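Residue numbers (the authors' numbering), protein chains in the order written: chain Z, 1 to 56; chain Q, 1 to 150; chain 5, 25 to 59; chain R, 1 to 84; chain U, 1 to 65; chain 1, 1 to 31, 35 to 49.
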RNA sequence: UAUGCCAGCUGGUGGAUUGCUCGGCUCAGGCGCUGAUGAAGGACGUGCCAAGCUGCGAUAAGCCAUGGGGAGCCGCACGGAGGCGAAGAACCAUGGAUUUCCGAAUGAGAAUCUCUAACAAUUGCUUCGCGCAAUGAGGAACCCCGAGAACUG
RNA sequence: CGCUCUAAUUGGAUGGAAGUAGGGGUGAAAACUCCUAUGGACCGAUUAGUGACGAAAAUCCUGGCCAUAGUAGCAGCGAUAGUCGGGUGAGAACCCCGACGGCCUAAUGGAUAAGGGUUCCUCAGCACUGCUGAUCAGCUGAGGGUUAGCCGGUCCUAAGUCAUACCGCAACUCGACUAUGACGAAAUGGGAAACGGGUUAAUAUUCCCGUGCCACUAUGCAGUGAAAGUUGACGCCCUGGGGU
RNA sequence: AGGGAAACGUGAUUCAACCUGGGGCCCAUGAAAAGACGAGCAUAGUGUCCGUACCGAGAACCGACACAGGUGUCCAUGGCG
Ligand SMILES: [Cl-]
Ligand SMILES: [Cl-]
Ligand SMILES: [Cl-]
Ligand SMILES: [Mg+2]
Ligand SMILES: [Mg+2]
Ligand SMILES: [Mg+2]
Ligand SMILES: [Mg+2]
Ligand SMILES: [Mg+2]
Ligand SMILES: [Mg+2]
Ligand SMILES: [Mg+2]
Ligand SMILES: [Mg+2]
Ligand SMILES: [Mg+2]
Ligand SMILES: [Mg+2]
Ligand SMILES: [Mg+2]
Ligand SMILES: [Mg+2]
Ligand SMILES: [Mg+2]
Ligand SMILES: [Mg+2]
Ligand SMILES: [Mg+2]
Ligand SMILES: [Mg+2]
Ligand code: NA
Ligand code: NA
Ligand code: NA
Ligand code: NA
Ligand code: NA
Ligand code: NA
Ligand code: NA
Ligand code: NA
Ligand code: NA
Ligand code: NA
Ligand code: NA
Ligand code: NA
Ligand code: NA
C-alpha cells in the first residue's frame with residue numbers, strides 16, 4: 001500500500017490546535033503542549049537563539 | 001487595448017471594435033484576412049454561411065493537421081470557426097449600425113480594414129500527473145473594423 | 025379599500041425586505057414609509 | 001457590566017413564532033443563562049415568561065426564543081419593542 | 001449634546017441612576033428599531049446615547065456614586 | 001466532528017471575515036479583500 | 001503569386017529605461033526597565049451602514065479634569081444619510097476613569113471555555129488568621145554565573 | 001572610453017531636460033555629438049574625488065515572450081445512455097416537466113464516526129470556478145436557518161497523561177520512584193428519564209398537540225428498617241428452548 | 001389518541017432482534033470506577049451549561065485538483081434464484 005497518496009487517506013486525526021496561549025495552531029491537543037510557545041510545557045515562552053542567524 | 005491602427009476619414013468612414021474577447025486569436029486572423037475587401041453584407045452572409053457549415057474559412061497560417069477542404073479556392077486546409085464568426089457578426093452589426101445612424105448605407109459599405117490582435121490571455125491552471133500544474137489559458141482578443149463608402 | 029395605503033399594501037407583494045421572504049411580510053413591519 | 005437583552009430578532013420565522021405561538025425572539029449576550037434571559041425580559045417589558053429556549057448562533061451571539069403567558073400578547077408587546 | 005456634563009453633576013446620585021436606566025432604554029429602543037431594518041433612525045443619537053451613558057457612568061465614578 | 005462553544009465562536013468570526021469589501025467603502029476611498040477564504044480551496048486553523 | 005524570408009511604418013503585448021520617493025541601510029547624541037495595585041503577548045468584541053488596519057475595551061475608533069489650540073470636525077477611507085461645535089469641538093500635553101477572556105496565570109479544570117470561595121506553589125514575618133509581604137513572566141542587545149560542539153586549519 | 005555620488009570652477013532647460021524610436025557626422029575603438037518624432041521635467045562640461053562601476057556565456061537568478069499547437073487530453077475503467085415532445089430564457093445537446101429507454105441493489109439506496117466548516121434554505125446573478133455550454137451549481141452577491149430535564153457532552157473509571165510534593169541534576173522549560181490531586185471514552189466502554197402524531201423554504205426523540213418517564217428539593221402521610229447482599233460487570237467454540 | 005382515499009383482517013410456518021439455558025476449550029482463564037438495586041406513596045417546585053445546519057464522498061473529508069487512490073460503524077431477514 002503505497003506510502004504516498006494512498007496513505008494520505010487515514011489522515012483524519014486532530015492534533016495541533018489554536019493554542020490558548022499564543023494564538024497559533026500549534027497546541028498539540030494530544031500532548032497538550034504548544035510546539036510554538038511551550039505552553040503546557042514551559043511557563044516561559046519557548047524561544048531559541050537559532051530561530052535567527054548567529055550574529056543577529 | 002488597441003487603437004485604430006489606420007487613419008480613417010469620418011466623412012466617408014464608419015468604425016467599430018471588439019474588446020478583450022475570449023475566442024481563438026488564430027481563427028480571428030483567418031476570418032479577418034478572409035473578409036477584407038468584402039462588402040459588409042457579403043461579409044455577414046459569408047460568416048453566417050461559415051457558421052452553417054456550407055462555406056469554409058481558408059486556414060492558411062495555423063493549418064497544422066487541418067483537413068483539406070474542397071470549397072477552398074487556391075489553398076487547401078480550412079475550417080468553420082463559428083464562435084469566432086459570431087463575434088465577428090456582432091462586430092459588423094455594430095459597424096453597420098453606426099453607419100446607418102450616420103446616414104451611410106451600412107450593408108453596402110466595404111470593409112476597408114479589419115484585424116485581430118491578441119490583447120492577452122485569461123490565465124488558468126491545469127492539474128497534471130506527478131503532482132504538477134501546466135498553464136491553461138484563454139486568449140483575449142481585440143479587433144478593429146473600418147467601413148468606407150464604395 | 026385603501027386610498028391612503030393601496031400604494032403601501034400593493035408593495036408587500038414586491039418588497040423583498042431584509043429577513044423576510046417575498047410577500048410573507050407583516051404589513052406593520054413594512055411600517056417603513058416615505059412619499 | 002454587560003447587559004442581557006441585546007435586541008429583538010426580527011425575521012420571518014420570528015414573527016410566525018410570535019403570531020402563532022406567542023413567543024418573542026431576542027439576541028442575548030452568550031454568557032446569559034435561560035433563567036437570566038427570562039428575568040431580564042420580564043423586567044424590561046412587564047410580562048410573565050413561561051419558557052425560554054436558547055441557541056448559540058453561527059453569528060457569535062446567542063438567540064433566545066421566549067414564550068409569554070396566554071395572558072400577555074407578543075404581537076402587542078412587539079409593538080412597544082420597536083419592531084412594528 | 002442634549003445632555004451636558006454640568007447637567008449631570010447637577011443631578012443627585014438618584015437622578016443619575018434614573019437618567020441612566022432611561023438612556024439605556026432609549027438605546028435599546030434604537031437597537032430594536034435598527035434590528036428591524038428601520039429607517040426612522042438618526043445615527044447621530046444612537047451614538048450619543050452610548051457617549052451620554054459613558055459620561056454618566058464617568059461621573060458616578062468621580063462623585064463616589 | 002463535535003465543536004465547542006469557544007470553537008463555534010471562532011468559526012463564526014472566520015465566516016464573518018469571509019465577506020466582501022462593501023461598495024460604499026470603494027467610493028469613500030476612490031478605489035479587494037485579501038482574506039477571502041473558500042470552504043474547499045482553503046484550510047482554517049485548528 | 002500562395003506558404004514565406006529580411007528591414008521599417010501604424011496599433012498591440014510587455015514592463016525596461018529616465019524622472020520621482022510616503023521605505024530601507026548605516027552612523028551619532030539623548031534616554032532606558034515592565035509585571036500578581038495581574039504585565040508583555042494572544043483571543044473575542046467595539047463603528048449608521050464597517051471586510052483590512054489602526055484605536056479602543058461591554059463607559060469599546062471612546063469618558064472626565066487642567067493647560068495648549070482654534071472653526072472647524074466625525075482615524076487610514078476623498079460614499080450615502082445623519083450628527084457634533086463659540087454651553088469653544090477637532091487636534092496636542094499631562095493627570096484620571098473605564099479597561100471582556102486567555103495569558104507568569106496563581107480556587108479547580110479546559111485548544112481563549114467551564115465547575116463549587118481562593119496569594120495556586122515556595123518562602124519570610126507572624127496577632128501563626130494567607131493577617132502583612134516576597135518570588136513567579138516580559139524585554140533589542142548589552143551584563144553575570146554555569147553546560148559546552150563540529151565543520152574548518 | 002563609459003557609469004554613480006561629493007567638491008570647486010563653469011553652462012543648458014517648459015521659445016521644452018532625461019529617456020525612447022528613426023535618421024546624419026566624428027573617433028582605429030571603448031564612445032562622443034547632431035536632426036526628427038515622443039516625452040513632459042530635470043540635465044551637463046573641466047578638474048579633484050568616490051565606488052554595491054561597465055557581461056553573450058556560469059544545466060546562472062527573476063520577469064516577460066515566440067515556435068511547439070488551434071496539437072496532446074476532455075474515449076479506454078462490467079457504472080458504454082439517452083431519445084421525442086414541451087417549460088423558461090437574449091441565448092438551452094447536457095436547467096426544469098412528461099413520456100419512452102436505461103444505470104446502481106452492502107450499493108450510484110438509508111442513518112452516522114472523524115474530518116470539513118456553513119458547503120445547508122431562499123432570492124438575485126453569471127466577470128471567476130465548473131475537463132464543452134449553461135438561463136444550472138458544492139460559483140458570485142444579498143438575506144435566512146441549527147430551539148432538547150428524558151439525543152449526546154457533562155459524570156465514571158481503562159491503557160496511560162499531567163500537576164504539586166519529595167529526590168536527582170551545574171541547572172532547567174530535564175529525569176525514574178513514592179505519595180496527594182486531576183486528566184483520560186460524543187460512532188465503539190460504563191451510564192437516572194420519552195413515545196407517537198403534526199409542523200418549516202431550511203430544525204426537530206429539541207418547536208406544537210397528546211401521552212408517559214426520571215432526579216433533586218419542599219410540604220404531608222407511611223417507615224425505622226438500611227447494611228449485608230445483589231447489580232453495574234464482561235473470553236472463545238458448539239447447541240436447545242422462548243420470541244418479535 | 002393518532003394515522004388512512006378506503007378496508008381499518010384472522011390463522012399459520014420459518015423466525016434477525018430481544019430473553020433465557022446446556023455443553024466443550026486454555027503451558028491463553030477473558031477491565032474498572034461512578035452509578036443502580038436493597039429502601040413506600042401524594043401534591044408542588046426545579047432541571048442551569050455546551051453540541052444540535054449540511055456533506056459524509058468516482059463534487060462538500062486526506063491525497064496541491066468537483067483527483068478511476070485512501071477513509072471507520074449500523075441497515076447481512078426486500079422478490080425470484
Ligand atoms: Cl494563440
Ligand atoms: Cl450528539
Ligand atoms: Cl438444555
Ligand atoms: Mg516512508
Ligand atoms: Mg489532423
Ligand atoms: Mg497528488
Ligand atoms: Mg440548547
Ligand atoms: Mg486558573
Ligand atoms: Mg573648472
Ligand atoms: Mg505534432
Ligand atoms: Mg448500456
Ligand atoms: Mg453566509
Ligand atoms: Mg443548494
Ligand atoms: Mg435558483
Ligand atoms: Mg473525566
Ligand atoms: Mg452509550
Ligand atoms: Mg435537512
Ligand atoms: Mg441532522
Ligand atoms: Mg467528479
Ligand atoms: Na504554415
Ligand atoms: Na481547392
Ligand atoms: Na476549390
Ligand atoms: Na446583530
Ligand atoms: Na476545507
Ligand atoms: Na529610553
Ligand atoms: Na472596517
Ligand atoms: Na489601556
Ligand atoms: Na503575591
Ligand atoms: Na497564612
Ligand atoms: Na558590480
Ligand atoms: Na452537463
Ligand atoms: Na431468499
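Even for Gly, the Cβ is constructed at its ideal location relative to N, Cα and C.
Query, Result
"Within 10 angstroms of the Cβ of residue 65 (chain R), are there 16 or more other Cβ atoms? Answer buried if so, exposed if not.", "buried"
"Spatial neighbours of residue 54 (chain 1) within its chain, please: CB distance less than 7 Å, with the 5 preceding and 5 following residues excluded, ordered by chain position.", "This structure cannot speak to residue 54 (chain 1), because chain 1 is shown only from 1 to 49."
"In chain order, which beta strand (DSSP E) runs of at least 3 residues are fully inside the region 14 to 81 of chain R?", "23 to 28, 49 to 56 and 62 to 68"
"Going by beta-carbon coordinates alone, are residue 111 (chain Q) and residue 43 (chain Q) separated by less than 7 Å?", "yes"
"For residue 56 (chain Q), count neighbouring C-beta atoms within 10 Å of its own C-beta (all shown protein chains included) and say buried if the count is 16 or more, exposed if not.", "buried"
"Compare the Cα-Cα distances from residue 96 (chain Q) to each of 23 (chain Q), 85 (chain Q) and 108 (chain Q) and report the closest residue.", "108 (chain Q)"
"According to DSSP, which residues form a beta bridge with residue 67 (chain Q)?", "Looking at the DSSP assignment, residue 67 (chain Q) forms no beta bridge with any residue, so it has no partner."
"Would you say residue 47 (chain R) and residue 36 (chain U) are within 7 Å of each other, going by their C-beta atoms?", "no"
"Just checking my contact of residue 29 (chain Z) with residue 5 (chain Z) at CB under 8 Å: how many whole Å lie between their CB atoms?", "Rounded, the Cβ-Cβ distance is 27 Å, inconsistent with contact."
"Just to check my reading of the structure: residue 36 (chain Z) and residue 24 (chain Z) have Cβ atoms closer than 8 Å, yes? What is that Cβ distance to the nearest angstrom?", "4 Å"
"What does the alpha-carbon distance come out to for the pair residue 78 (chain R) and residue 31 (chain U)?", "14 Å"
"With 7 Å as the limit, tell me which residues of the region 10 to 27 of chain Z have their beta carbon closer than that to any beta carbon of chain 1; keep them in chain order.", "17, 18 and 25"
"What three-state label does DSSP hand residue 33 (chain Z) in the structure shown?", "strand"
"Please decide whether residue 49 (chain R) counts as near chain U, where near means a Cβ-Cβ distance under 7 Å.", "no"
"Between residue 37 (chain R) and residue 4 (chain R), how many whole angstroms is the CB-CB distance? I'm expecting something under 8 Å.", "7 Å"
"How would you call residue 25 (chain R), buried or exposed, if buried means at least 16 neighbouring beta carbons within 10 angstroms?", "buried"
"Could you check which residue in 27 (chain U), 8 (chain U) and 2 (chain U) has the C-alpha nearest to that of residue 62 (chain U)?", "8 (chain U)"
"Using the C-alpha atoms, what's the distance from residue 60 (chain R) back to residue 24 (chain 1)?", "25 Å"
"Please tell me whether residue 29 (chain R) has its Cβ less than 7 Å away from any Cβ of chain 1.", "no"
"With a threshold of 7 Å between beta-carbons, can residue 37 (chain U) be considered close to chain 5, or not?", "yes"
"Could you give the distance in angstroms between the alpha-carbon of residue 16 (chain R) and the alpha-carbon of residue 42 (chain 5)?", "16 Å"
"In the DSSP output, which residue or residues are listed as bridge partners for residue 148 (chain Q)?", "13 (chain Q) and 110 (chain Q)"
"Going by C-alpha distance, which of 100 (chain Q), 2 (chain Q), 80 (chain Q) and 3 (chain Q) is nearest residue 12 (chain Q)?", "100 (chain Q)"
"At what residues does the beta strand (DSSP E) containing residue 7 (chain R) begin and finish?", "5 to 8"
"How long is the line joining the alpha carbons of residue 50 (chain U) and residue 27 (chain U), rounded to whole angstroms?", "7 Å"
"Judging by CA-CA distance, which residue of 114 (chain Q), 124 (chain Q), 59 (chain Q) and 106 (chain Q) is the nearest neighbour of residue 2 (chain Q)?", "114 (chain Q)"
"Nearest by alpha-carbon distance to residue 1 (chain R): which of 32 (chain R), 27 (chain R) and 18 (chain R) is it?", "32 (chain R)"
"Consult DSSP for residue 4 (chain Q) and reduce its assignment to one of helix, strand or coil.", "coil"
"Could you give the residue range of the beta strand (DSSP E) that holds residue 50 (chain U)?", "Element bounds for residue 50 (chain U): not the beta strand (DSSP E) but the alpha helix (DSSP H), 43 to 62."
"Taking the alpha-carbon positions, what's the residue 6 (chain 1) to residue 17 (chain Z) distance?", "13 Å"
"Does residue 32 (chain U) have its Cβ less than 7 Å from a Cβ in chain R?", "yes"
"Check whether the region 59 to 75 of chain Q touches the region 127 to 141 of chain Q, counting contact only when three or more Cβ pairs, one atom from each stretch, lie closer than 8 Å.", "no"
"Going by beta-carbon coordinates alone, are residue 82 (chain Q) and residue 35 (chain Q) separated by less than 7 Å?", "no"
"Using 8 Å as the Cβ pair cut-off and three pairs as the minimum, do the region 32 to 40 of chain 5 and the region 49 to 63 of chain R touch?", "no"
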